[PDB]
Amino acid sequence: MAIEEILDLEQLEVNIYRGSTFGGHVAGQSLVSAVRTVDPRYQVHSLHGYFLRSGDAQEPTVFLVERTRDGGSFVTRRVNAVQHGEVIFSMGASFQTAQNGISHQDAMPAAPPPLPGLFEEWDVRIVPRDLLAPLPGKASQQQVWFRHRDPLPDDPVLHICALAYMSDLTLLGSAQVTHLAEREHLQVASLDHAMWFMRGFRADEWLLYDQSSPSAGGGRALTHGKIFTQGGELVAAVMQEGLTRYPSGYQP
């Protein structure tokens, strides 16, 4: 419903696009920018970016694409998302031809099926704390089931660009599971994003976002996610650092 239009950019020129703020939204449209400059024989397999500034949600965003390399097997792009002459998000992305190699996969974690409910167009559901299967020595775990209510066209771009989008949705939350108490004294915001796209999925079908936050300190927390189809496939991996900061005066 909404997500298609969010990711439908206007081309202003070669390597110049416009989308008409949720971090995932800037992220997703930056990725679409990149993709629309790459031969579709090459499909995206990773992205890295820094959230530099807060978006103005009431204004368009211009995307300036750089064609970093174009080789035989991999193509690489950088995107700067701009508003009011300032870069709000700066991204890299890599793309590869269909090729062959070694195969393996971590098994899907223990999770209940989809459950309570955490973006009207998405069906999002959190695992309640007493239904969570602990794993050894891990301080802070969160499982989230999501999926698009309405079916979506089969375009892999859309599905990947949509997954980029939803991936910024609950992940940083996982860092505050054991800190419910200091949740009115935290400055919170995404600092970065890194994603690896490994396998196909129906984004209109159930996805498990298994999340963890292995560390917090110095006013930051790191989070880590794994995305799975109900049948046990690893679709993507995500890492995200975020601001989790006490004000200048405040001590716990």
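Heads up: residue numbers just count along the shown sequence, starting at 1.
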property: Unmodelled deposited residues between residue 118 and residue 119, binned; result: 10 or more
property: Residue 20 to residue 21: deposited residues without atomic coordinates; result: 10 or more
property: Of 86-94 and 135-143, the one with larger mean CA B-factor; result: 135-143
property: 126-134 versus 101-109 - greater average Cα B-factor per the deposited record; result: 126-134
property: For residue 36, the third of its chain into which the C-alpha B factor falls; result: lowest
property: Among modelled residues of the same chain, the CA temperature factor third for residue 69; result: lowest
property: Ranked against its chain, the third holding the CA B-factor of residue 184; result: highest
property: Where the record places residue 28 (Cα B-factor, split into thirds across the chain); result: lowest
property: Modelled-residue ranking by C-alpha temperature factor, third containing residue 230; result: highest
